[PDB]
Amino acid sequence: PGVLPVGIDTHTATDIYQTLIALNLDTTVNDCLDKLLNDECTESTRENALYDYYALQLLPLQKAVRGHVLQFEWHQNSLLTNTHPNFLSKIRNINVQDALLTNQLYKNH
Amino acid sequence: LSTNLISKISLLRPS
Amino acid sequence: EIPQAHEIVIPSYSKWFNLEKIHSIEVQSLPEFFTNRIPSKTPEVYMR
Amino acid sequence: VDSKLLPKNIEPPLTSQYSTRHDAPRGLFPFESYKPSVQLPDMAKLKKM
Amino acid sequence: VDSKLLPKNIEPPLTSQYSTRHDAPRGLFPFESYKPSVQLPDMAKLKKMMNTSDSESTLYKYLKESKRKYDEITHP
Amino acid sequence: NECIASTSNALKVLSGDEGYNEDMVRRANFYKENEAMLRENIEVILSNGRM
Amino acid sequence: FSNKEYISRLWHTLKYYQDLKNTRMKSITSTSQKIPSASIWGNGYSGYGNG
Amino acid sequence: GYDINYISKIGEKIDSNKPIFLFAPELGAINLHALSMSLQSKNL
Amino acid sequence: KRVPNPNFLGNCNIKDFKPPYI
């Protein structure tokens, strides 16, 4: 194991990616809040930051509705032979009545 | 409660 | 104009039915209004 | 001749702007759990530390 | 033409409107909620990899110059 | 790349989880290339009254 | 995200679906005793046309 | 990195108790006319 | 004593199901 190299731990590589996304999101929320709160900023960039704040507070609602529609879309394509490949339908071994019906078909012709 | 913030609190959330 | 005074329910497989529009199922189910052979069976007559 | 004084058909009036509900069958919509959290997550402790 | 009334539904739990919990498993609904990893070298990595903020940078240099003048004026 | 993409997918099925890829449906070009099925599903959910 | 959390997630997922199957069985035995209970899925139709 | 024999042993029970579709006793009054008209609906 | 039919304005049998986020 000592002669073997060391490896990048993926389980912490994902966590400081999602956490960095959340930190950048919180910094952008606290940055588009300050751009409208002061009065020295121009109105062309005072209302634009307001709608950018509206669009940033509306993010997990968008995730909720987006998730909902995609869950229904995934339920459209569950067909019980994808998820259940060992489905037993029906079978019937050959009875004596089949051979009797065949012999009757050859006798009455 | 300050009037610099009262005009913006109902602006950021209309509820 | 008459206001809605009743509850109206159509089944879910009839979601495609819309007024002032002719769906493909209406063409493939009643083809005589859309083959221009008889002048008294036009899609305007069918929509009416 | 002014319009609406022209002769018009005696018919049942239009029911185009009517609201309809739908009878959807039993297995059409999936079972839904996990109520989504609309509220934004707070990172006060991370930036405090 | 001949409509009938559904009488009454004695509803078991989890089969109801507003019968959903945050503790429920998201089998579908593919968006995840992820565990924040609080490790101190990873804290330093998160402090380094965060981009910037303008008012934060100006208040950082303001507080740093104020603290420098503080330690230089508290000595004599 | 086929050895990795058929190893994590080999873990998703054995664990029992299902669904779309989380990092694919998080962007905005997914809902622009799938513009057809969303106009169907939004009308289906809204007309049934579940939206 | 390690093994000891990834199996504890699967224990806090199987125990949900076992209670869900208990609910599913009770809502079947309710309607088999001629008591109209709701199921995991919604009630299908009404008296309108279809039964 | 996992002990996937135990993971698969639990995931088999998870797949067994997962609500995929309705079972035979909980289908209710199956209406053949509704199925036959929904198959011609060209929905998905 | 009147009793409303299911084809009454506001007395449907198809109740409005609510989404999980609401």
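Quick notes on the rules
Residues numbered from 1 in each chain as written, not as in the entry; some residues may be left out. Chains lettered and ligands numbered in written order. Part of a larger assembly, values for the part shown. Heavy atoms only, no water. Helix = DSSP H or I, 4+ residues; strand = E, 2+ residues; numbered from the N terminus. Rg over C-alpha atoms; globule rule 2.2 N^0.38 Å. Buried < 20%, exposed > 50% of the residue type's maximum accessible area, 1.4 Å probe, protein only. Areas by Shrake-Rupley, 256 points an atom, 1.4 Å probe, with all protein chains shown as cover. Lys, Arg positive; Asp, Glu negative; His and termini not counted. Charge placed at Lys NZ, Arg CZ, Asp CG, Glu CD. Contact = heavy atoms within 4.5 Å. Buried area = accessible area lost by both parts, 1.4 Å probe. Salt bridge = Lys/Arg side-chain N within 4 Å of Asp/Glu carboxyl O. Polar contact = N/O pair within 3.5 Å; in protein donor to acceptor, adjacent residues only side chain to side chain. Axes fitted to C-alpha atoms, helices over the stretch in contact; angles between N-to-C directions. Parallel < 35°, antiparallel > 145°, perpendicular 65-115°, else oblique. Left-handed = near helix turned anticlockwise from the far one by under 90°. Nonpolar A, V, L, I, M, F, W, Y, C, P; charged D, E, K, R; others polar. Core = buried A, V, L, I, M, F, W, Y, C linked by side-chain atoms within 4.5 Å. Patch = residues over 30% accessible without salt bridge, like charges linked within 9 Å, V, L, I, M, F, W, Y side chains within 5 Å. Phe/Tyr/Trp six-rings, centres within 6.5 Å; stacked < 30°, edge-to-face > 60°. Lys NZ or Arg CZ within 6 Å of the ring centre and 35° of its normal.

As summarised from the PDB record, the model derives from cryo-EM at a stated resolution of 3.6 Å.

Going by what the PDB entry lists, chain G is known as SWI/SNF chromatin-remodeling complex subunit SNF5 and is assigned to Saccharomyces cerevisiae. The record deposited in the PDB is entitled "The SRM module of SWI/SNF-nucleosome complex".

The PDB entry annotates chain E as SWI/SNF complex subunit SWI3 originating from Saccharomyces cerevisiae.

Draft legend 1. Molecular detail of the overall build of chain E. Within chain E one finds 2 helices and 0 strands. Here the C-alpha atoms of chain E give a radius of gyration of 29 Å, more than 25% beyond the 11 Å that 2.2 N^0.38 yields for 76 residues. Projected onto the principal axes, the alpha-carbon positions of chain E cover approximately 95 × 25 × 25 Å. Counting the 76 residues in chain E, one finds 24% classified as buried. Surface exposure of chain E reaches about 6300 Å², of which carbon and sulfur atoms provide 57%. One finds the centroid of the 13 positive side-chain charges in chain E at a distance of 3 Å from the centroid of its 10 negative side-chain charges.

Draft legend 2. Seen up close, the interface of chain H and chain G. Taken together, the contact between chain H and chain G spans 20 residues of the former and 17 residues of the latter. Together, the buried faces of chain H and chain G total about 1800 Å²; carbon and sulfur atoms form 69% of this surface. The largest share of the area that chain H buries against chain G comes from H:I14, H:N17 and H:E26, three residues that together contribute 29% of it. The tally of links from chain H across to chain G stands at 1 salt bridge. Between G:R24 and H:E26 there is a salt bridge whose closest N-O contact spans 3.8 Å. Scanning the region where chain H abuts chain G turns up 4 residue pairs in polar contact.

Draft legend 3. Structural context of the packing of helix α2 (residues 15-37) of chain A against helix α3 (residues 48-57) of chain A. All names here are of chain A. Their axes nearest at 8 Å, the elements α2 and α3 cross at an angle of 150°. Taken together, the axes of α2 and α3 lie roughly antiparallel to each other. Of the two possible hands of crossing, α2 and α3 adopt the one that is left-handed. Along its contact with α2, which presents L25, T28, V29, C32, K35 and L36, the element α3 presents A49, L50, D52, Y53 and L56. Across the contact of α2 with α3, the residue classes tally to 8 nonpolar, 1 polar and 2 charged.

Draft legend 4. Structural view of the environment of F:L11. Note on placement: F:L11 falls in helix α2 (residues 8-15). It is 36 Å that separates the C-alpha atoms of F:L11 and F:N48, two residues lying 37 residues apart in sequence. Sequence-distant contacts of F:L11, that is, excluding residues within four places in its chain, are made with H:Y2 and H:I4.

Draft legend 5. A look at the nonpolar core. Judged by nonpolar contacts, the single largest core of 25 residues is most densely connected at F:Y31, G:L10, G:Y16, G:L20, H:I10 and H:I14. Elements supplying a minimum of two residues to this core: α4 (59-76) of chain A, α3 (30-33) of chain F, α1 (3-32) of chain G together with α1 (4-16) of chain H. The element contributing the most residues to this core is α1(G), with 7 residues. Apart from residues no more than four positions distant in its own chain, H:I14 is found in contact with F:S15, G:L10, G:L14 and G:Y17.

Draft legend 6. Highlighting the packing of α4(A) against helix α4 (residues 35-48) of chain F. The geometry of α4(A) relative to α4(F) is characterised by a closest axis approach of 10 Å and an angle of 100° between their N-to-C directions. Classed by the angle they form, the pair α4(A) and α4(F) counts as roughly perpendicular. Contacts between α4(A) and α4(F) pair A:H68, A:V69, A:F72, A:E73 and A:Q76 from the former with F:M37, F:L38, F:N41, F:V44 and F:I45 from the latter. Partitioned by chemical class, the residues of the contact of α4(A) with α4(F) number 6 nonpolar, 3 polar and 1 charged.

Draft legend 7. Here's a closer look at a nonpolar patch on the surface. On the surface, A:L37, B:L1, B:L5, B:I6 and B:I9 cluster together into a nonpolar patch covering about 540 Å² of accessible area. It is helix α1 (residues 3-12) of chain B that provides the largest number of residues to the nonpolar patch, a total of 3 residues. By secondary structure assignment, the location of A:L37 is in helix α2. Judged by its relative accessible area of 41%, A:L37 is partly exposed.

Draft legend 8. Seen up close, the packing of aromatic side chains. Tallied over the entire structure, the rule returns 14 aromatic pairs over all chains. Summarising the aromatic geometry, the rings of C:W16 and C:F17 are spaced 6.4 Å apart at their centres and angled 80° between planes, so their arrangement reads as edge-to-face. Measuring from centroid to centroid gives 5.8 Å for G:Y16 and G:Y17, while their planes differ by 65°, and the two rings are edge-to-face. For G:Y17, a relative accessible area of 5% puts it in the buried group. An aromatic cluster is present here, built from A:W74, F:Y20, F:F30 and F:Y31 joined pairwise through their rings. It is F:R50 that lies over the ring of I:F17; its NZ or CZ is 4.7 Å from the centre. Residue placement shows G:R24 over the ring face of H:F23; its charged tip is 4.3 Å from the ring centre.

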